[PDB]
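J.: Can you look at this? It's an experimental structure, sequence on top.
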Amino acid sequence: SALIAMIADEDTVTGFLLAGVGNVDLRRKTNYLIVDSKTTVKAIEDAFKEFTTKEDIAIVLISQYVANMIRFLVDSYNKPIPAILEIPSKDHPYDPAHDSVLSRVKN
Amino acid sequence: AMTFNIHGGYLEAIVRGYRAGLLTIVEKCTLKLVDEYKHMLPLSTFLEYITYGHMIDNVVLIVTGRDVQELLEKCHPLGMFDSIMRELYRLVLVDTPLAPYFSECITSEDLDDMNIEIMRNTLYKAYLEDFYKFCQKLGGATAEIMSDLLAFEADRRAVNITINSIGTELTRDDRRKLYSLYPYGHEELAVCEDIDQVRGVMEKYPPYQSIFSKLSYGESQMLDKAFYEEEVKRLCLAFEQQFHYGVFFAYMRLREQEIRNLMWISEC
Amino acid sequence: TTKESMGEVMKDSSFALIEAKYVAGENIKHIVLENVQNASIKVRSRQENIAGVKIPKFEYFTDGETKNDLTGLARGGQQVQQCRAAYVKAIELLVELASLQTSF
């Protein structure tokens, strides 16, 4: 299986994405540019459709859900294994605030 | 001695004043320094070599592609000048000192410049060619500084090779064949596979002795940081800058170091 | 309890990234994405059973099998020790989240 964010602070994701191989969730045919802030996470949601929903990417991450569409991404509870979201810290504080998985965890 | 007053005196005075005045904020400071350097336009060859110093790295970065369009964002005129993928490499072989040699040495293009390690090898080869070209323009006291910088780069590359890049085919022979007193006695670092061995190799040069020290910092980094950090620490020697001598390279290095320090400051 | 790892390892990775930036300026990025020496990310899955519930188990590069490394950057050792060290914490958090969802 694969695991990547590609919706993140660039170097922060690249520090654990691809150095020895696998092209960060097979960038040759999958994945996306790890740099965020170019647009909303609507394109990140589409990439999740193209990476996480593609039965390859298992774990995903959105930095503190700053623009991750917390309500939209909260629907990933169904089929949790291919949509194991995360809320990394650094350049945005990790909080139990509204997000994809932590919002349900708040219940 | 009278040639300094014959020509270049005003430019030297302007450079000295700008250096004495020196001390997105980092980006703004870098842009200001680059503008000051550009506005200053014998010494032309020195300025060209100084620019080509960072232009080698700029061209190496531009050689990618693979998100190659992002190189325009870092188009700093100090090092990322437009004038300074084998088909595009042949076109880029002009207007650069190290490019004609790298055309033959790196004729494999991406094969010998793989982004994992071989791209760093091509960058090191280009840096070695640029250092050789700069050392060719002898006649001033800056030859010692250039030799020290090249020695620091070579020793840092050798230390990185012996630490972990030995498994990446950066063997003892590659410590000078690909990894860019060093121009004559670099063979002592071919067997410095340990930090203690690195200190022992550094013991061969009493000035380089005790520079490594515990080697917890500086030597801990790979690529060209091990002995380059020693040069950064000893850059107080470059801060002397005796008059009536080529100090444009020293001023450029000081401005680059100040920019790096400002970047390292960041949010305190 | 493991949520605090996502802050501690993130802070360590940020410090390593700042050190690497101070060392070599801008990272190569692009073709190899730089910033790391370890983490050839590939994930393997296992299925454990607790009280009749098939709780999944997760392993991946730098947090289990399917890991590889080559060369690295200047501070690539420090980057691996901080940025790639968060991989184990992330894998543990993902396994815990999957187990919690299945148990719920």
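T.: Good, I have the coordinates. Numbers count the residues shown, from 1 in each chain, chains lettered A, B, ... in the order given.

J.: can I assume residue A:64 is in contact with residue A:90?
T.: No: taking contacts as C-beta atoms under 8 Å, residue A:64 lies outside contact range of residue A:90: 9.0 Å. All C-beta spots, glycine's among them, are computed from the backbone N, C-alpha and C.

J.: Those two - which one has more neighbours?
T.: Counted by other C-beta atoms under 10 Å in any protein chain shown, residue A:64 and residue A:90 do not tie: residue A:90 has more neighbours, with 24 against 21.

J.: all strands of the chain, in order?
T.: Because you didn't say which chain, this covers chain A. Per DSSP state E, chain A has strands spanning A:2-3, A:57-59. These are given in chain order.

J.: switch to chain C, that's the one I care about
T.: Using DSSP E, the strands of chain C run over residues C:43-50, C:53-60.

J.: now the stretch 51-200 of chain B
T.: In the stretch 51-200 of chain B, no segments count as strands under DSSP state E, counting those that start in this stretch.

J.: longest helix of chain C?
T.: The helix that spans the most residues within chain C, counting by DSSP state H, is helix C:5-24.

J.: Residue C:22: how many residues sit nearby?
T.: Using other C-beta under 10 Å, residue C:22 has 17 neighbouring residues.

J.: ditto for residue B:40
T.: For residue B:40, using other C-beta under 10 Å, the count is 14.

J.: how about it, phi and psi?
T.: phi -70, psi -20 (degrees, to the nearest 10).

J.: Roughly how far does it sit from residue B:251?
T.: Residue B:40 is 10 Å from residue B:251, where distance means C-beta to C-beta, to the nearest Å.

J.: and if you look at residue B:122?
T.: Applying C-beta to C-beta, the value for residue B:122 to residue B:251 is 29 Å.

J.: Just want the residue of chain B that's nearest chain A.
T.: residue B:67 (6.8 Å; C-beta to the nearest C-beta).

J.: List the residues that contact that residue.
T.: Each residue near residue B:67 by C-beta atoms under 8 Å, 6 or more residues apart in numbering or on different chains is listed here: A:33, C:29-31.

J.: swap the cut-off to 7 Å and go again
T.: The neighbours of residue B:67, taking C-beta atoms under 7 Å, 6 or more residues apart in numbering or on different chains as the test, are A:33, C:30.

J.: roughly how far apart are it and residue B:127?
T.: As judged by C-beta to C-beta, residue B:67 and residue B:127 stand 24 Å apart.

J.: Then residue C:8?
T.: Applying C-beta to C-beta, the value for residue C:8 to residue B:127 is 38 Å.

J.: Neighbour count: those two, which is higher?
T.: Ranked by neighbour count (other C-beta under 10 Å), residue C:8 and residue B:127 place residue B:127 first, with 22 against 12.

J.: For residue A:87, give me its contacts.
T.: Counting by C-beta under 7 Å, 6+ apart, residue A:87 touches A:62, A:64-65, A:94, A:99, A:102, C:6.

J.: Could you report the neighbour count for residue 80?
T.: Using chain A. Quick note: residue A:80 (other C-beta under 10 Å) scores 20 neighbours.

J.: hmm, I had chain C in mind actually
T.: Neighbourhood size, residue C:80 [other C-beta under 10 Å]: 24.

J.: ok, it - contacts?
T.: C:36-38, C:72.

J.: So which of these reach chain B?
T.: Among these, the residues within reach of chain B (C-beta under 7 Å from any C-beta of the partner chain) are residue C:72.

J.: For the contacts of residue C:80, which entry has the maximal number of neighbours?
T.: residue C:36 (33 neighbours).

J.: Just confirm it contacts residue C:79, I think it does.
T.: Yes: applying C-beta atoms under 7 Å as the test, residue C:36 and residue C:79 come out as touching, 5.4 Å apart.

J.: Can you pull the residues that touch both of these two?
T.: Counting by C-beta under 7 Å, 6+ apart, the residues touching both residue C:36 and residue C:79 are residue A:15.
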